[PDB]
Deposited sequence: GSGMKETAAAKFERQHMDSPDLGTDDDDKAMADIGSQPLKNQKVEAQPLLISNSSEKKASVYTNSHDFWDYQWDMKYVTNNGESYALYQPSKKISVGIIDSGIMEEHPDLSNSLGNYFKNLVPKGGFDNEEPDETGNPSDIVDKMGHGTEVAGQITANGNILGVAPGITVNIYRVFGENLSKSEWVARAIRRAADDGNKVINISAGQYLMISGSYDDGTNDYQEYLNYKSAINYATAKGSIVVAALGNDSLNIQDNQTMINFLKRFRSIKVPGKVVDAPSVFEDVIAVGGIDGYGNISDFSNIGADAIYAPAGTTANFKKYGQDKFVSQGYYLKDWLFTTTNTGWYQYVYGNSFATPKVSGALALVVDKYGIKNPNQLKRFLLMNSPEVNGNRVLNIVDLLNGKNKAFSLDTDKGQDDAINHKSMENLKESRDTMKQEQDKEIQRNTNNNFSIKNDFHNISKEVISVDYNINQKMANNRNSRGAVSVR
């Protein structure tokens, strides 16, 4: 039935080795809107999960006209990268691998072509996903914004921040919750000097100001970081005191041993996670982009099971029913379902949204 379940250490971790699946089966009324690189609709583990709502938000020419292949056709949600298909599998795969919520409806909002994205596109996608009735919206992508102080040009990134804020407020008004990946840069988001030092590698800063990891920073958003198979924060994961963590894997052994040994000695089997990709088959991946959908799918199960209509109530419920490992709240779907407690230009250039 599920040939590759045994490879899914990360799914076993959050489901109590499959226990959660038997506890609840979602209706067709709930969906997750996936704001990402699109999807391979014909993937055998995913095709039966596809909902009826979708939109391509990538403009003609893609990221600042570097992508002549991007047409701007609003119906073109094909995944050219793999990332969106990999994220989707974590939510809803129902076949050779299992997502957290197998077969739950997913609707697809494409904001990447083959490289980078823009907050303008992501904000439009958030609004569209909310308008289409997706009560949970997954954003496995982000960017750092310096929202005070100034770059050499005298400005900062506050306008982009405000544009996200408006979109998120709108989603909230519509009754949707947004779940977003923390970055994979090993940054404690509360340590501003360290974030400034990071930005100085990629930007020209004149007067340092407050740096945020957006859109995960917003109070109403559920920020998701990564743990490895030991339950420790992933080496690559940013750290947020108000985040929840779920399995994202680790690059610690890759970095120590190098690619040849990483592969030949099988480190990837436990260090990286096995998911659906746009070949029609599978790939090992890592990153907070793959923790985020575990939380999104779990939240969608809760929304459906308990008929939770208030997103404010929903976040409170999640945090109260997520156990602590080493001082960090981690996703546990059995606990959540049981609900014991009732409620040069670069990837980090200004304006560049990147996958996590």
### Task
Return the ranges of the deposited sequence not covered by C-alpha coordinates, sorted by sequence position.
1 to 64, 408 to 475
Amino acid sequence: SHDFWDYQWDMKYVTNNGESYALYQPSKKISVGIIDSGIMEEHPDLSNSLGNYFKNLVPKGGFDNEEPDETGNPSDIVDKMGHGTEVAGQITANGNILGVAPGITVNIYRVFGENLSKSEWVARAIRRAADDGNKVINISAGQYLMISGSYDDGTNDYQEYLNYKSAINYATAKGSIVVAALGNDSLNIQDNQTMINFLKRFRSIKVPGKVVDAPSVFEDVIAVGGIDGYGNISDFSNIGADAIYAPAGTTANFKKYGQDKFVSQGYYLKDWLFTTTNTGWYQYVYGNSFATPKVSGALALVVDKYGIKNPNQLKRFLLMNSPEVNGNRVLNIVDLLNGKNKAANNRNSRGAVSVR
From here on, numbers count along this sequence of modelled residues.
### Query
Going by the B-factors listed in the PDB entry, is the mean over the C-alpha atoms higher for 61 to 69 or for 48 to 56?
61 to 69
#### Entry: Stretch with the greater mean C-alpha B-factor as recorded in the entry, comparing 6 to 14 against 19 to 27
19 to 27
### Summary
Top Cα B-factor in this entry, restricted to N238, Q265, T279, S140, sits on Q265
### Query
Out of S204, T105, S234, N96, which one has a C-alpha B factor higher than all the others in the entry?
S204
### Message
Please say which third, lowest, middle or highest, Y151 falls into when its CA temperature factor is compared across its chain.
### Response
highest
### Query
Hey, what third does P208 fall into on Cα B-factor, ranked over its chain?
highest
### Query
C-alpha B factor of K294, ranked within the chain: lowest, middle or highest third?
lowest
### Message
Quick check for you: using the entry's CA B-factors within this chain, is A123 in the lowest, middle or highest third?
### Response
middle
## Note on the structure
Among the modelled residues of its chain, the C-alpha B-factor of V178 falls in the third labelled lowest
